[PDB]
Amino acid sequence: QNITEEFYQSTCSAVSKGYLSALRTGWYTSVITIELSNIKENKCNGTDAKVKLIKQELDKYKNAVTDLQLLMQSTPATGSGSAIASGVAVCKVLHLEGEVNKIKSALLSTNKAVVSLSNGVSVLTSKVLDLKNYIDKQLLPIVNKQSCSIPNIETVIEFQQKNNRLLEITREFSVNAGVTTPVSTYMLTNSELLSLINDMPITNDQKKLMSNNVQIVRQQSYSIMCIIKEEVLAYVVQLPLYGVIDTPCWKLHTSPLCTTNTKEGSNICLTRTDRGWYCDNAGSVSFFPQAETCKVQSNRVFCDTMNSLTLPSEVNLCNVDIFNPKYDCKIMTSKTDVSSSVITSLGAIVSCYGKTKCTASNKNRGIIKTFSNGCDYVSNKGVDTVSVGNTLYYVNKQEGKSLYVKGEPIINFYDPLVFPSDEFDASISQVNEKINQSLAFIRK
């Protein structure tokens, strides 16, 4: 609840603390059915515009069904099989003879129903749309006569309204080769999603968590097209199960740390690597290197462990002692002293080099801080913007406390002559070993 931050002047890095986890560790698959009409062409002597409008909407229904049939013949390998493997196993079961008859029997009287498939998966099925009932009762008497009977204009509008969701679902499944994410309101309405969450074999706090973050749940869910067979359209919705909840999470921010000599070509740089989200998980730390894999709402991070690395908990000691022997703190080295800034959760890191004009301003007071050459930091308390060169960044105005941990920039502990300056994935001990090797080649 209380967000705090710590800037480390020695390593030009900051850690944003106080975040709570929700890591996806499991999947809950659910079958969504649409009752279809196995209509055949019913051309009759037709002229008045209402029959034409009905026949037009009926052809749009007919093309949607044939499009789903060619879509289910070809199932592309191009999805990420490791993240849809559950639902794909259910679709392979659905292709069995008699399984669609089973779901067809369970949704015979109600819209929602639990169905035990023939593979040990107790899935929750839904009937979200009933087009066979509408077409066979309200439309077929209209095109199964000698001359077509005249339907009312209310029927034309209601049929375009009901048929619309089938057409949009066929559009999403067609452009995405049967696998869509996020899951749209066409695939599952917010009302249907909340009812599906409420009916899940999870704790009540987990139902409240997923119900209060339905948009994040949609962004971390998949919709997989199964089969169109025997007047039934079935597709699987894969919802995330957050097996890791309320564990401490923190975000590491890094920026280049160079020396600030006045003669160009004589400066060396180092930047901590592995910036991103860290969360405590089962005696280890789950690290998320890609920036788009974790959604934050309030102080809660919602990550997928599929794109994480598992690190020893000693990885946090790079934040307290980068020179600590329990974990080899990783860095990259260079000579690229271009000024830059990183907007953190509660402030801004500024790496100012060369002649760059770096400053921090308040909207009404003007410049309140001028950065000197090196790596520095400013909290969001009293600061609105940070300007670096010709770029203006805005500071996050979120409430919290920042702590400036003063310390000597560690780049000053290195003799420039023997520094390894172009290391793209090194470590503190890796650099020290390359330096020990250059001192033995130079002593003789």
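Each residue number is its position in the shown sequence, starting from 1.
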query	finding
Of 105-113 and 320-328, the stretch whose C-alpha atoms average the higher B-factor in the entry	105-113
270-278 or 78-86, whichever carries the higher mean Cα B-factor	78-86
Deposited CA B-factor, highest of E172, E154, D246, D304	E154
From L166, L239, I142, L309, residue of greatest CA B-factor	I142
Chain-relative CA temperature factor third for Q56	highest
B-factor third for the C-alpha atom of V121 within its chain	highest
Within-chain third of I368 by Cα B-factor, per the entry	lowest
Third of chain Cα B-factors occupied by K295	middle
Position of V214 among the chain's modelled residues by C-alpha B-factor, lowest, middle or highest third	middle
